[PDB]
Amino acid sequence: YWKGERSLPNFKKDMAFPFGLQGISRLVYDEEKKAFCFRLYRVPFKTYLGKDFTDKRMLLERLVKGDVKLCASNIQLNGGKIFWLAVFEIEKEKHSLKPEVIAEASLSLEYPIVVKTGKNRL
DNA sequence: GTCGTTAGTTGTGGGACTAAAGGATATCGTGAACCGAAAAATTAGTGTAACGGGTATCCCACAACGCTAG
């Protein structure tokens with residue numbers, strides 16, 4: 001900005017507006033309605049996992065019991081539906097990896113990924 | 001004496017002549033002239049640059065807090 005190679009941002013109107021973790025409250029699992037309930041600044045909200053009884057199902061419960069950390073999230077609205085962009089802080093996964101073993105990856109427009117690993121081609 | 005018949009030539013024509021390997025050849029003579037056919041080569045004619053919003057995609061960088069008081 002001192003030299004000048006960037007214009008001042010002109011924010012759009014459909015922006016997902018941000019809300020901090022200091023606003024999530026009354027998080028519980030109401031079994032009667034089969035949906036998590038919470039308040040986004042004094043308004044009830046039934047969460048629609050739908051047919052997602054495993055993927056993010058044990059993620060909100062990982063927060064109702066205080067086991068996963070959440071960051072300043074955002075919220076989108078796309079014409080009747082409402083979406084929450086929750087920045088959950090997930091951890092790394094440890095496998096049985098060998099640093100000496102090297103995978104040779106190449107990316108081209110004819111073959112998006114071509115990978116060598118010893119005698120294994122993918 | 002004369003005519004058809006039969007058998008034995010006699011001349012003439014058509015059909016055979018291992019298997020295995022290999023496998024190169026050279027091939028004259030000349031009369032003219034005009035018309036038609038199609039296949040080929042040469043020649044004659046037309047040309048952009050940035051712009052308004054608005055929006056689809058790309059690369060490229062950064063963010064995604066924590067504490068205190070009413």
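If you check the header, you'll see the entry was determined by cryo-EM and the resolution is listed as 2.88 Å.

Peer 1: Before we go on, may I ask you to explain the sheet that holds strand β3 (residues 35-40) in this structure?
Peer 2: Two orientations exist for strands paired in a sheet by backbone hydrogen bonds: parallel and antiparallel. The strand order β2-β3-β4 describes an open sheet built from three strands, whose pairing is antiparallel. Every interior strand has two partners, whereas the edge strands, β2 (24-30) and β4 (44-46), have only one. Going from strand to strand, the sheet's axes swing by 20 degrees on average, the running direction of each strand aside. Relative to β3, β2 runs antiparallel, the two sharing five bridges. Its bridge partner lying in β3, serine 25 is registered against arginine 39. Across the sheet, helix α1 (residues 57-64) is in contact with β2 and β3; its angle to β2 comes to roughly 125 degrees.

Peer 1: Would you explain the pairing of strand β6 (residues 73-77) in this entry?
Peer 2: The two faces of a sheet get side chains in turn, since along a regular strand they alternate between them. Two strands pair when backbone bridges link them, and strand β1 (residues 17-19) and β6 are joined in this way by three bridges, in the antiparallel orientation. Looking across to β6, one finds that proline 18 is bridged to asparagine 74. Counting the residues between successive antiparallel strands, the hairpin from β6 to strand β7 (residues 82-85) contains four residues, one of them, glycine 79, with a positive phi of roughly 85 degrees.

Peer 1: Could you clarify how one ought to interpret the protein's contact with DNA strand B in this entry?
Peer 2: Every residue close to DNA strand B is listed here: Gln22, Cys71, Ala72 and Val87. Here DNA strand B approaches the protein such that, of its atoms within 4 Å, sugar and phosphate make up 50%. Between DNA strand B and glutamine 22 there is a distance of 3.0 Å, counted from a base nitrogen to a side-chain nitrogen or oxygen. The contact in question runs from a phosphate oxygen of DNA strand B to an N or O atom on the backbone of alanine 72, over 3.1 Å. Each residue belonging to the surface near DNA strand B can be placed in one class, and the counts come to three nonpolar, one polar and no charged.

Peer 1: Sorry, what's going on with the pairing of strand β10 (residues 114-117) here?
Peer 2: Note: strand β9 (residues 104-106) against β10, three bridges, orientation antiparallel. Residue pairing for β10: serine 106 is matched across the bridge by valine 114. Taken together, β10 and the strand that follows it, strand β11 (residues 120-121), pair antiparallel across an intervening segment of two residues, in which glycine 118 is found at a positive phi of about 65 degrees.

Peer 1: When you look at the side chain of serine 73 in this model, what are you seeing that I'm missing?
Peer 2: Counting through the fold element by element, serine 73 comes out in strand β6. Polar side-chain contacts of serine 73 include one of 3.4 Å to the side chain of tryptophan 84. Among residues more than four places away in sequence, those in contact with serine 73 are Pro18, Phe19, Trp84, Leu85, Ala86 and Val87.

Peer 1: Got a minute to help me understand the environment of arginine 39 in this structure?
Peer 2: Tracing the backbone shows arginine 39 in strand β3. Spatially, the C-alpha atoms of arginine 39 and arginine 121 are 51 Å apart, while their sequence positions differ by 82 residues. Setting aside residues up to four positions removed in sequence, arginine 39 forms contacts with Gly23, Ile24, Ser25, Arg26 and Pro44.

Peer 1: Is there a simple way to think about the environment of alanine 16 in this case?
Peer 2: Mapped onto the elements, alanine 16 comes out in the segment before β1. The sequence separation of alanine 16 and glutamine 76 amounts to 60 residues, and the corresponding C-alpha distance is 4.4 Å.

Cut-offs and rules
Residues numbered from 1 in each chain as written, not as in the entry; some residues may be left out. Chains lettered and ligands numbered in written order. Part of a larger assembly, values for the part shown. Heavy atoms only, no water. Pairing = 2+ DSSP bridges. Helix = DSSP H or I, 4+ residues; strand = E, 2+ residues; numbered from the N terminus. Axes fitted to C-alpha atoms, helices over the stretch in contact; angles between N-to-C directions. Contact = heavy atoms within 4.5 Å. Near = heavy atom within 4 Å. Polar contact = N/O pair within 3.5 Å; in protein donor to acceptor, adjacent residues only side chain to side chain. Nonpolar A, V, L, I, M, F, W, Y, C, P; charged D, E, K, R; others polar.

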